[PDB]
Amino acid sequence: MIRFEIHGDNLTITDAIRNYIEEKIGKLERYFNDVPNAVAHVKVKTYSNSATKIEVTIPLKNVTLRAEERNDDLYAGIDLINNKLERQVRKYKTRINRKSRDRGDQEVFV
């Protein structure tokens with residue numbers, strides 16, 4: 001089961017975001033079906049609507065994304081990681097997939 005293990009010390013510490021993330025991570029992992037385990041170890045930290053300090057660490061099978069930054073929007077921090085998730089997830093899975101066919105991406109053929 002795809003898990004979300006957040007420690008969020010922010011203003012809105014309720015089911016709202018947890019659900020919000022459940023939707024996000026849910027919709028992300030529902031892009032896959034062969035994903036038994038994907039996690040979101042996230043930690044936001046703010047006592048101001050004009051603040052957010054976040055740190056995501058989302059261990060999928062393939063890759064674990066971590067994003068640790070102080071940025072006004074939480075959702076931008078997690079978007080940093082989510083959007084980079086798309087970016088990195090695809091970079092990683094597509095690279096590790098193509099390593100069979102693409103022999104000379106890291107190799108100069110010595």
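Read-outs: derived from the displayed coordinates by stated rules, not from any lab. Please note: Cβ atoms are built from the backbone with ideal geometry, for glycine as well, and neighbour counts cover all protein chains shown.
Please report the antiparallel percentage of the DSSP beta bridges confined to the chain, to the nearest 5. List each step's numbers first, then the result.
Values: 12 of 15 bridges.
Beta bridges within the chain, antiparallel portion: roughly 80 percent.
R0 = 35 Å: FRET efficiency of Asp105 with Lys43, Cβ-based, nearest 0.05?
Numbers: r = 35 Å, r/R0 = 1.00.
Calculated transfer efficiency: 0.50.
For the chain, find the longest principal axis of its Cα atoms and tell me its angle to the long axis of helix 15-29, 0 to 90°, nearest 10.
Its long axis makes an angle of about 10 degrees.
So who's got an amide H within less than 5 Å of the one on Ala38, skipping anything under 5 residues away but keeping other chains? H placed 1.01 Å off N, in plane.
Answer set, sorted by chain and number: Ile2, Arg3.
Working from Cα positions, state the angle (0 to 90°, nearest 10) between the long axis of helix 74-98 and the longest principal axis of the chain.
10
For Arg66, what residues show an amide H to amide H distance below 5 Å, using hydrogens built from the backbone and excluding near sequence neighbours?
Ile58
For n ≥ 4 DSSP H runs only, could you compute -39500 (n - 2.57) per run for the chain, divide by its residues and tell me the 222 nm figure to the nearest 500? All intermediate terms of the calculation are to be shown ahead of the outcome.
Working: 2 runs with 40 residues, N = 110.
My calculation for the chain gives -12500 deg cm²/dmol from helical runs alone.
Quick query: amide H of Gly8 versus all other amide H atoms, modeled in the peptide plane; which residues come in under 5 Å with a sequence gap of 5 or more or a different chain?
Excluding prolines and chain starts, which carry no amide H, the hits are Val44.
Cut-off is 10 Å between beta-carbons; in what order do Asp34, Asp105, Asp79 appear when sorted fewest neighbours first? Intermediate values should be presented prior to the final figure.
Details: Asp34 5, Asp105 9, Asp79 15.
Least to most surrounded, the residues fall as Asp34, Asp105, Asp79.
Under 10 Å, Cα contacts only: if you run a Gaussian network model on the chain, which one of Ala76, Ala16, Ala38 comes out with the highest mean-square fluctuation?
The residue with the greatest mean-square fluctuation here is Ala16.
Past 20 Å, Cα to Cα: identify those pairs from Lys53/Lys93; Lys27/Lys53; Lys45/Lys93; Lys43/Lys93; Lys61/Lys93, in the order given.
On the way: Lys53/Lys93 29 Å; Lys27/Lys53 24 Å; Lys45/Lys93 31 Å; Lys43/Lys93 25 Å; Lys61/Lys93 10 Å.
Over 20 Å Cα-Cα: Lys53/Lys93; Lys27/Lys53; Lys45/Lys93; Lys43/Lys93.
How large is ³J(HN,Hα) for each residue in the stretch 32-40, as worked out from phi by the Karplus curve 6.51 cos²θ - 1.76 cosθ + 1.60 (θ = phi - 60°), to whole Hz, x for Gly and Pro?
Per residue, the Karplus-derived 3J(HN,Hα) values read 10, 10, 8, 9, x, 10, 9, 10, 10 Hz.
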